[PDB]
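Have a look at the structure below, then the notes.
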Amino acid sequence: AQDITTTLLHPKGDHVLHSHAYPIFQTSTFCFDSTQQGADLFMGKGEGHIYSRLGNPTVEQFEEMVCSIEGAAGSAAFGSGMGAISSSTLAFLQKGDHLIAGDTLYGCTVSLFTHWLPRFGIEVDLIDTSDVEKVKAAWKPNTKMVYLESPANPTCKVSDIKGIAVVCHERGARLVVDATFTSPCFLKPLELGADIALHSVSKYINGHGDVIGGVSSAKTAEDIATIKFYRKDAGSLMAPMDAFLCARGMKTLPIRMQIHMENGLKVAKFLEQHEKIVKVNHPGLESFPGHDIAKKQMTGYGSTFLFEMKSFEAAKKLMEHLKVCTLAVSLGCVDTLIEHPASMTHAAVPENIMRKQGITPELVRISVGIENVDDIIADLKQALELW
Amino acid sequence: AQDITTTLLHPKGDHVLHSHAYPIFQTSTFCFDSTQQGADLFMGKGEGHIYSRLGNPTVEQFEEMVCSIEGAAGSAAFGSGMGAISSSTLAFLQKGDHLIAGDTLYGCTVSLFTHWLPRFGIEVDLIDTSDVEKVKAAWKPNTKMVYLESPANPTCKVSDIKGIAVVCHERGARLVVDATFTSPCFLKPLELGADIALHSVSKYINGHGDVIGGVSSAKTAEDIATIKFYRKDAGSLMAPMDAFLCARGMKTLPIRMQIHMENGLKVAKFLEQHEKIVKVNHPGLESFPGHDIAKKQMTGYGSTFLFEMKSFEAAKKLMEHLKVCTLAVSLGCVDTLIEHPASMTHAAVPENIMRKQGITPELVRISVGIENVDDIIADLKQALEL
Amino acid sequence: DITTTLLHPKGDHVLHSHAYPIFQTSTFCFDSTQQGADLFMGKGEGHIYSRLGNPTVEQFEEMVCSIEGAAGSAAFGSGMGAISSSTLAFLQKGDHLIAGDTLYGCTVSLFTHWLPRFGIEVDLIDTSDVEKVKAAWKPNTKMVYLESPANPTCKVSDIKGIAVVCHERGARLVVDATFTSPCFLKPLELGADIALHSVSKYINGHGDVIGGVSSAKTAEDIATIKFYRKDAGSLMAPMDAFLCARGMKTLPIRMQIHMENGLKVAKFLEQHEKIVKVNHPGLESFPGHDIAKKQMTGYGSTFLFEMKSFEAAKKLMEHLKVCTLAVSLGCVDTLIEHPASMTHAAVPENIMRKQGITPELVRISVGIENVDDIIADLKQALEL
Amino acid sequence: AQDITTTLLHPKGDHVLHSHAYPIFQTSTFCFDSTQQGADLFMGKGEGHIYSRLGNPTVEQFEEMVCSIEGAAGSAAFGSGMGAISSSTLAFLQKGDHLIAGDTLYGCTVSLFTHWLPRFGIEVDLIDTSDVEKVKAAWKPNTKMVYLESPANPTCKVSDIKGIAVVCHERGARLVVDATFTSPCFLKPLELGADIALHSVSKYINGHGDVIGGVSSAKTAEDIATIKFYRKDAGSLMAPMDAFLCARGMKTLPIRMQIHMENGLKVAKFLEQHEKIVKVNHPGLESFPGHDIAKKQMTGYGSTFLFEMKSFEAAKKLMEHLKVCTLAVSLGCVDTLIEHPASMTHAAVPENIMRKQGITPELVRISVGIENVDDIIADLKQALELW
Ligand SMILES: C/C=C(/N=C/c1c(COP(=O)(O)O)cnc(C)c1O)C(=O)O
Ligand SMILES: C/C=C(/N=C/c1c(COP(=O)(O)O)cnc(C)c1O)C(=O)O
Ligand code: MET
């Protein structure tokens, strides 16, 4: 079996004009040979292109690379992770349907599900998905979808994807998994029973902090077609230049993820033993509740996780005296990022959800990059040891 | 008194690092000076950026440009015209609401309004908006929006935006106008009483056929904030490179439109007097129904219009023996495009709606570019003789 | 007219794409050893490596080639790359070059500092007078190099007459037509052997690319230019070639407006009490207007005018609200510059005085803004 | 000391408008605050920009990154490696000067030294620089420069850079080293006594096969200013978009080089023991003449090297039956490339030099990428074992 490293460096498809790098198709439209050839293409007959919103070759190349690592029937690229999320939910859910989603999600996902979905007649419950019994108890005759992020952003809370998939499969609901925090190198939700696996490509997949994009991959040709049907009318598109950048970033994904994983674990162990640190929420630590599930269902760990300081003032002093780590939101970049969830990424999450997400002013989230790990640790140590 | 040409060439804003051209901010995220500065930005306090989905300086520069020409409170850029349309309607409409839309729309707009909105519990009636009394008859107690394209894609049917706007003001509904076909140089819906004016930037505004993008502009600060709030969660973004290209394309918009207008008018009159053409639907032709409303409510015409051949075989013969004109969907590019609506742009629209639209296999849609008009006329002339 | 040709360039579409794709690649794949071997020998159609040939760059080359009436065109990383490749590709130790006495600053630097280190004799002379060219002639003269109208004074040379001397005496005529664009000046049509532009200016026209292009009358000459380029390495990036081809789609239309704006602004300045003199080739008062009207089909919109003092020039340049103080020219928006202390600051004083550049001169590059807005901007800054 | 990985991820300089990624300054010109402020910049007084040919912020950012790894006084970026070579030689050499260069060089470098320099009255001798005594024997009172590639493209012939530097330093000649084949992670010519270190950035530094570019770094402020002065008139510029891509590719250079080095050595050892293979020219092999100099003067190896088949026909059979390796010129890409020097990269080298260079139709050059090394070896092995 050929390694993922090789597969990503050797994607299927013909070269264009013998070009070694896949060209950037910075075009809106495509030319027809004849009236029939164009008419046929609109009916889905024959091979070729019409218009970049419907399909663009550079973007299609990136989709195939994601499709190849997910083990999907197809993938669809979007202008952002939120585009991928919207199109993976609202492509299926309609007025009268019920959605069960995790109670700890990325802020804008909470916004989508709690503000917009109810305006469209869609019933939503945010449930603690780390407990399958609670998922079952929240199930209704009109439940059509379960949506999970695991490990959750930012607390790393682990859900049992495999166990929840069984219930979805017995009861006719789609299981959708946002695997952004871990990357398709370490978490393949379609192998665990999910119907759709999505990512903010803005994070690890692209990895270079210079594009915003989303991707969604479906187990079934019918589901990926419906997703693309929705995309056509909702209009969240990956730009050709951004697809070129994302495919390029993804060429180094496996080796970056190996370094991220090892760095993140070493940084978490350093913090876990440090006097100033109260707790570390990294799912690769044995102290972490849900570690046994993460270890079974994933083949590695991302490097973004959260830790607890003794006070808000101590969190502030740390985050503001770092020379290698950069104070900024986002994650999964080659360089190390740090932020304060309570006042930043999750300052917009309703208080009812803040308290049961478990997010407090003492928490700091770090996204460990691929810098030499000793340099990252020395940077944290010097700020922790300040006068 | 400063001319539109000058305004687009001299946008408001500081230069970045003294750079003459506005830099391409190809970044996802922005750095914070301190915990407080970041927390302040998340609360809308102070000046600065956080993350490109919330706001990107290169994108914002293009948004300001469009906002200037529309006379808007603010503008929002998107990944596509369909992103602008989705975000300008579903940002406001919710379950139990009712939408009145023109019956002749771009194909994917029909798919949006006919397939997705009713799945979200939104009631939708497609009606002939060229007659204001028909809009009034279709009105219900829960009508929250009227959505228009004028001149319509592809038949160029004209609606009285100004009169429909009065009805909307009186009865508590938003008026949303898709002005893609005409461009903001010639049609300014917000000056006519609309609440929202939107464009597929993919067409005239960019004008170079190398970008897909959308833009929407709102009369009020509250409405554009709502649109951007929807965009934050729906995620149709204009990429920084595409915003760089759209702004650059828009620098020549006024001169390009002037040529497009004059070129398209001349080509339509050539066709209108040719023996093989049954009729030409150009809103600037005296013969066109609705010409009188278009000359009053617009300050010029786009150059995309349709004309009728005697049969499908004739249309097929014309479209396939052109040497300058390119057989392709889309419009508003620098070069001339030509298309068969029945089996291309409007192939997926249900028979029911399509016959209401008056779209038949005998119609050909041309998008006249900025070539020497004589080369376009001679191309058509050559082909019409075979 | 020219617009149709630029919008419909020859060649096949790639994957049916309407816009020509950006080949952001260094290398190309071979079907077999033989096919690679053949390509390196110039046999068969195809590509090897972007420095030898990139499809996106070649499409832009083809566009310029068509408008110039050339055997071929080569694109470069800057106008200076085009200039140095159109000269040092041909000149060698022992050769003599005659160049116009008034040239862009870096061209003077190239001809004055570098060429003589390579053993190439160079004299700068007044090429507005053909007898001076004949008098500077030597038995080893292999090239005459010209800018017309010259940067920044707009000094006009008789290109056709000089070409005649060159053809008779066995020298190449190379012409930098940056200031006018190939819409209005076609040197190869006037007898010149090579015609070149800084694409950074009018051709691209959007102020967001630096690039150069050179076009030769003969297949041999362009092949030599590209062979030099292969080793010297001033290439146009695929992205910049995409942007230049895109900018060039509006070239004939932008030029029409530049020309008209520039002529209206120049006449306004010419009759303004505060202005000593205006150096625009299209004015009747300008010396050599007759040659420029004969040999060109229009004018660019960059020209020089004289103020009554340095303090007055500084006051004008620093109270403008539309015009931007910046070097460069041929952008869609208006630019203004002080030659003596900016573009031409490094020029040796003796070449400087022979050029006629003083601290009282201001150089304007008139954009495509509404003319009345440009004039009203100049008006308030001169009067207030 | 902070690690190179960390340095490259954390370059000196302020952020622009708080942007995390450095913006692409796709501009030709820059604005002046006043006549004086503009005048001053032209005189080298004050901080700021004039015009991209003179300096572009995105390009300067990439230059700073190279400068930091080379340990130089400054770096200059170009539109190609050939731009860097032309500008690092012809910026200093004039009519009457003598240049000693290696006899095994990149083909277009031979073309430059052999066709263009003599036309400019510069005397040139190509010498076997693997023998310091041959360098001394070729020295003349007017020798001003020695120019070396080591390991040479394509034969990997090693020169004693340290030993030749001694001679240059005693006699008033600049030593210039093209370190393209090894990358600045493993070869730092300025630490060995060179005056100038240059690269085709097209190869390893950028690493993604999608940019052509060059860079030159000088030990002395004066020499880098002279290089940039030449560049300003000769006009080989790195485009802003290309500088953005090179800086981005360079963010992963140390980890890519680590994998290239290990992959290349394992592939070389596999070929060395294979019955079909006559000889393997990889400088990290103990069998290689000059291995001892290479291991003392470098801190690793690039992964581009050459091997000898039994015949031209066997070389063609191998090259044309690979599924992972790609038949193309260039090198230093994330994916594996392969080519035939005799009929491709060195087919323009005049017959006397190509004889002295030791290039025969039996030689194949491989540029080993970062694919899984077992997948690369299996691809070579299957082609070598064909019917
Ligand atoms: C291929 C597209 C065509 N039109 C598009 C279009 C859109 C949709 O805009 P994006 O395509 O999403 O940028 C919105 N509004 C109008 C009046 C339109 O014509 C076409 O007809 O040929
Ligand atoms: C800042 C630059 C100015 N000029 C440039 C120029 C070049 C050189 O072109 P690159 O700059 O190398 O593309 C060549 N030829 C002419 C007549 C030029 O004006 C300027 O004057 O303001
Ligand atoms: C003359 S082909 C140039 C490509 C590259 N320098 C190589 O050796 O492969």
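Each answer follows from the model by the rule given with it, or from the source it names; these are not laboratory values. Using ideal geometry, Cβ is built from the backbone for each residue, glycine included, and neighbour counts are taken over all protein chains shown.
Please specify each residue of segment C:34-45 satisfying the condition of being of a type outside the set (D, E, K, R) and not in a loop (DSSP other than H, G, I, E, B).
As a first pass, look at segment C:34-45 and keep what is of a type outside the set (D, E, K, R): C:34-37, C:39-42, C:44.
Those that are of a type outside the set (D, E, K, R) and not in a loop (DSSP other than H, G, I, E, B): C:34, C:35, C:36, C:37, C:39, C:40.
Would segment C:260-269 turn up any residue that is assigned by CATH to the domain that holds residue C:67, touching a residue at least 12 places away in the same chain (Cβ under 8 Å) and in contact with a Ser or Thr (Cβ under 6 Å, 6 or more places away or on another chain)?
First, pick out the residues of segment C:260-269 that are assigned by CATH to the domain that holds residue C:67: none.
There is no residue in segment C:260-269 that is assigned by CATH to the domain that holds residue C:67, touching a residue at least 12 places away in the same chain (Cβ under 8 Å) and in contact with a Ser or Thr (Cβ under 6 Å, 6 or more places away or on another chain).
Mind listing whichever residues of segment A:224-246 are more than 10 Å from chain B (Cβ to nearest Cβ) and surrounded by fewer than 24 Cβ atoms within 10 Å (Cβ to Cβ)?
Answer for segment A:224-246, where residues must be more than 10 Å from chain B (Cβ to nearest Cβ) and surrounded by fewer than 24 Cβ atoms within 10 Å (Cβ to Cβ): A:224, A:225, A:226, A:228.
Any idea how many residues of segment A:22-45 are touching a residue at least 60 places away in the same chain (Cβ under 8 Å) and facing chain C (nearest Cβ under 7 Å)? Steps first, answer last, please.
As a first pass, look at segment A:22-45 and keep what is touching a residue at least 60 places away in the same chain (Cβ under 8 Å): A:22, A:24-27.
Restricting the remaining residues to those that are facing chain C (nearest Cβ under 7 Å) gives A:24-27.
Adding up the residues that qualify gives 4.
Just to be sure before I move on: is residue D:223 outside the structural domain of residue D:303 (by CATH), more than 16 Å from ligand 1 (Cβ to nearest atom) and in contact with a helix residue (DSSP H, G or I) (Cβ under 8 Å, 6 or more places away or on another chain) in the structure I sent?
Against the criterion (outside the structural domain of residue D:303 (by CATH), more than 16 Å from ligand 1 (Cβ to nearest atom) and in contact with a helix residue (DSSP H, G or I) (Cβ under 8 Å, 6 or more places away or on another chain)), residue D:223 does not qualify.
From (1) aromatic (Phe, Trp, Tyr); (2) within 16 Å of ligand 1 (Cβ to nearest atom); (3) out of contact with any strand residue (DSSP E or B) (no Cβ under 6 Å at 6 or more places or on another chain), pick out the condition that doesn't hold for residue B:139.
Result: residue B:139 fails condition (2) only.
Has segment D:136-143 got at least one residue that is surrounded by 21 or more Cβ atoms within 10 Å (Cβ to Cβ), hydroxyl-bearing (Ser, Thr, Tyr) and in contact (Cβ under 8 Å) with a residue 24 or more places away in the chain? Talk me through it step by step, then tell me what you get.
Taking segment D:136-143 first, the residues surrounded by 21 or more Cβ atoms within 10 Å (Cβ to Cβ) are none.
No, there is no match, as no residue in segment D:136-143 is surrounded by 21 or more Cβ atoms within 10 Å (Cβ to Cβ), hydroxyl-bearing (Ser, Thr, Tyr) and in contact (Cβ under 8 Å) with a residue 24 or more places away in the chain.
What number of residues in segment A:269-296 are in a helix (DSSP H, G or I) and either β-branched (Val, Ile, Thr) or surrounded by fewer than 22 Cβ atoms within 10 Å (Cβ to Cβ) (or both)?
9
Among the candidates A:379, A:374, which residue alone is free of Cβ contacts under 8 Å to residues at least 24 places away in the same chain, surrounded by fewer than 23 Cβ atoms within 10 Å (Cβ to Cβ) and more than 21 Å from residue A:129 (Cα to Cα)?
Result: A:374 is the single residue among A:379, A:374 that is free of Cβ contacts under 8 Å to residues at least 24 places away in the same chain, surrounded by fewer than 23 Cβ atoms within 10 Å (Cβ to Cβ) and more than 21 Å from residue A:129 (Cα to Cα).
Of all residues in segment C:62-114 being within 14 Å of another protein chain (Cβ to nearest Cβ), surrounded by fewer than 22 Cβ atoms within 10 Å (Cβ to Cβ) and among the polar types (S, T, N, Q), which is nearest to ligand 3 (Cβ to nearest atom)?
Restricting to residues being within 14 Å of another protein chain (Cβ to nearest Cβ), surrounded by fewer than 22 Cβ atoms within 10 Å (Cβ to Cβ) and among the polar types (S, T, N, Q), the top hit is C:92.
Considering each of D:367, D:303, D:330, D:343 in turn, give the residue that is within 16 Å of ligand 3 (Cβ to nearest atom) and at positive phi.
Exactly one of D:367, D:303, D:330, D:343 is within 16 Å of ligand 3 (Cβ to nearest atom) and at positive phi, namely D:330.
Residue-wise test of (1) out of contact with any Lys or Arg (no Cβ under 6 Å at 6 or more places or on another chain); (2) over 30 Å from residue A:13 (Cβ atoms); (3) in contact (Cβ under 8 Å) with a residue 40 or more places away in the chain; (4) not assigned by CATH to the domain that holds residue D:104.
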{"site": "D:247", "(1), (2), (3), (4)": "yes, no, yes, no"}
{"site": "D:274", "(1), (2), (3), (4)": "yes, yes, yes, yes"}
{"site": "D:283", "(1), (2), (3), (4)": "yes, yes, yes, yes"}
{"site": "D:291", "(1), (2), (3), (4)": "yes, yes, yes, yes"}
{"site": "D:294", "(1), (2), (3), (4)": "yes, yes, yes, yes"}
{"site": "D:303", "(1), (2), (3), (4)": "yes, no, yes, yes"}
{"site": "D:331", "(1), (2), (3), (4)": "no, no, yes, yes"}
{"site": "D:341", "(1), (2), (3), (4)": "no, no, yes, yes"}
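Checking the structure you have, find out if any residue of segment D:14-21 is touching a residue at least 24 places away in the same chain (Cβ under 8 Å) and assigned by CATH to the domain that holds residue D:108. Please lay out each step first, then the result.
Step one: of segment D:14-21, the residues touching a residue at least 24 places away in the same chain (Cβ under 8 Å) are D:16.
So of that shortlist, the ones also assigned by CATH to the domain that holds residue D:108 come out as D:16.
Among the residues of segment D:14-21, at least one is touching a residue at least 24 places away in the same chain (Cβ under 8 Å) and assigned by CATH to the domain that holds residue D:108, which makes the answer yes.
Listed residues A:233, A:223, A:242; which is without any contact (Cβ under 8 Å) to a residue 12 or more places away in the chain and part of a helix (DSSP H, G or I)?
Going through A:233, A:223, A:242 in turn, the sole match is A:233.
Being assigned to a helix (DSSP H, G or I) and at the interface with another protein chain (Cβ under 7 Å from one of its Cβ atoms) is the filter here; which residues of segment D:46-61 pass it?
Quick first cut of segment D:46-61, residues assigned to a helix (DSSP H, G or I) only: D:57-61.
Selection gives D:57 alone.
Here is a list: B:204, B:147. Which entry is within 16 Å of ligand 1 (Cβ to nearest atom), in contact with a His (Cβ under 8 Å, 6 or more places away or on another chain) and among the hydroxyl-bearing types (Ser, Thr, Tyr)?
B:204
Condition first: within 16 Å of ligand 2 (Cβ to nearest atom), crowded, with 22+ Cβ neighbours inside 10 Å, closer than 30 Å to residue B:329 by Cα and assigned by CATH to the domain that holds residue C:220. Can you find one or more residues in segment C:36-58 that meet it?
Yes; the residues of segment C:36-58 include at least one that is within 16 Å of ligand 2 (Cβ to nearest atom), crowded, with 22+ Cβ neighbours inside 10 Å, closer than 30 Å to residue B:329 by Cα and assigned by CATH to the domain that holds residue C:220.
Considering only segment D:172-218, how many residues are of a type in the set (A, V, I, L, M) and within 14 Å of chain A (Cβ to nearest Cβ)?
Result for segment D:172-218: 2.
For residue B:85, work out the one condition from (1) under 30 Å from residue B:332 (Cα atoms); (2) without any contact (Cβ under 8 Å) to a residue 12 or more places away in the chain it doesn't fulfil.
In the conditions (1) under 30 Å from residue B:332 (Cα atoms); (2) without any contact (Cβ under 8 Å) to a residue 12 or more places away in the chain, residue B:85 misses (2) alone.
Taking only pairs six or more apart or across chains, which ones have beta-carbon atoms under 6 Å, a first residue in segment C:113-125 that is under 14 Å from residue C:144 (Cβ atoms), and a second residue that is assigned to a loop (DSSP other than H, G, I, E, B) and aliphatic (A, V, I, L, M)?
Hits for this filter: C:120/C:91.
So if I check each of A:342, A:348, A:315, which one is within 13 Å of chain B (Cβ to nearest Cβ) and in a loop (DSSP other than H, G, I, E, B)?
After applying the criteria, what remains is A:348.
From D:345, D:360, D:336, D:326, grab the single residue that is outside the structural domain of residue D:111 (by CATH), surrounded by fewer than 16 Cβ atoms within 10 Å (Cβ to Cβ), away from ligand 2 (no atom under 16 Å from the Cβ) and of a type in the set (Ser, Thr, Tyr).
Details: D:345 fails: surrounded by fewer than 16 Cβ atoms within 10 Å (Cβ to Cβ); D:336 fails: surrounded by fewer than 16 Cβ atoms within 10 Å (Cβ to Cβ); D:326 fails: surrounded by fewer than 16 Cβ atoms within 10 Å (Cβ to Cβ).
Testing whether each residue is outside the structural domain of residue D:111 (by CATH), surrounded by fewer than 16 Cβ atoms within 10 Å (Cβ to Cβ), away from ligand 2 (no atom under 16 Å from the Cβ) and of a type in the set (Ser, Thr, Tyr) leaves just D:360.
If a residue has to be of a type in the set (A, V, I, L, M, F, W, C) and closer than 28 Å to residue B:211 by Cα to count, how many in segment B:292-317 make the cut?
Residues flagged as of a type in the set (A, V, I, L, M, F, W, C) and closer than 28 Å to residue B:211 by Cα within segment B:292-317 amount to 4.
Restricting attention to segment D:151-191, which residues are on the phi > 0 side of the Ramachandran plot, crowded, with 22+ Cβ neighbours inside 10 Å and not hydroxyl-bearing (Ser, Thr, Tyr)?
D:156 - this is the single residue of segment D:151-191 that is on the phi > 0 side of the Ramachandran plot, crowded, with 22+ Cβ neighbours inside 10 Å and not hydroxyl-bearing (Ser, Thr, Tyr).
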